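These notes concern the structure reproduced below.
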Amino acid sequence: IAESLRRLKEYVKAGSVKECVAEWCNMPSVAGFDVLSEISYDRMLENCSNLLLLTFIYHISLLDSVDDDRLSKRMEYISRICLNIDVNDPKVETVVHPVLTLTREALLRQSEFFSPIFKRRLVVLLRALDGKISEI
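In structure tokens, the structure reads:
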């Protein structure tokens, strides 16, 4: 964890966005997520491949923290990426359906422990994920 945090911190400073996301996905710690969270989702969309973006939301869905502020960031990243992602990109055709399915299931598995604010926010997020699965 500690070696990885050091790399993440330096990638954020340099503005190495893809590198930040890829580093965190390889070592998806809570502390690392908090460093990465300095990078807004729009920068991620400009710099990361669709495969990497799907790797990222999958890892966010598994992260074992339900703290309100952290969960807010978790859900915002997932929402924005899933609304932006082109589910018809051939490069992700063999992963996009199972990844969206696993992402939804992962969030539901944690949902009993979400505060009421985020139980309600999840209903909205699930609708967005289901809409993307509906396209394909």
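So the sequence shown is numbered by the entry's author numbering: it starts at 935 and just counts up by one.
The C-beta atom is built at its ideal place from N, Cα and C for all residues, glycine as well.
{"Item": "Give the C-beta separation of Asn-1018 and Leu-985 to the nearest angstrom, bearing in mind that I take them to be a contact with Cβ-Cβ under 8 angstroms.", "Value": "At roughly 14 angstroms, the Cβ-Cβ gap does not stay under 8 angstroms, so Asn-1018 and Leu-985 are not in contact."}
{"Item": "What's the C-alpha gap between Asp-1003 and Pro-1024?", "Value": "35 angstroms"}
{"Item": "So, with DSSP's three-state summary, where would you put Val-1021?", "Value": "coil"}
{"Item": "Between the C-alpha atoms of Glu-957 and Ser-1013, what's the straight-line distance to the nearest angstrom?", "Value": "21 angstroms"}
{"Item": "I want to check one thing, is the minimum distance from the CB of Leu-985 to the heavy atoms of the ligand ADP below 8 angstroms?", "Value": "The ligand ADP is absent from the structure shown, which contains no ligands of any kind."}
{"Item": "Note the first and the last residue of the continuous alpha helix (DSSP H) segment covering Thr-1037.", "Value": "1030-1044"}
{"Item": "What span of residues does the alpha helix (DSSP H) with residue 1088 cover, start to end?", "Value": "Because the chain here runs from 935 to 1070, residue 1088 falls outside it and cannot be looked at."}
{"Item": "Among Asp-1001, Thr-1037, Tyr-975, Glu-1027, which one has its Cα closest to the Cα of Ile-994?", "Value": "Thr-1037"}
{"Item": "When the Cα atoms are used, what is the spatial distance from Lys-1007 to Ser-971?", "Value": "7 angstroms"}
{"Item": "Take the Cβ of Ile-935 as the centre, count every other Cβ of all protein chains shown within 10 Å, and call the residue buried at 16 or more, exposed below.", "Value": "exposed"}
{"Item": "Should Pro-1032 be labelled buried (16 or more other beta-carbon atoms within 10 Å of its own) or exposed?", "Value": "exposed"}
{"Item": "Does the Cβ of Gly-1065 have 16 or more other Cβ atoms within 10 Å, making it buried, or fewer, making it exposed?", "Value": "exposed"}
{"Item": "Rounded to whole angstroms, what's the CA-CA distance from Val-951 to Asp-968? Just pull it up for me.", "Value": "15 angstroms"}
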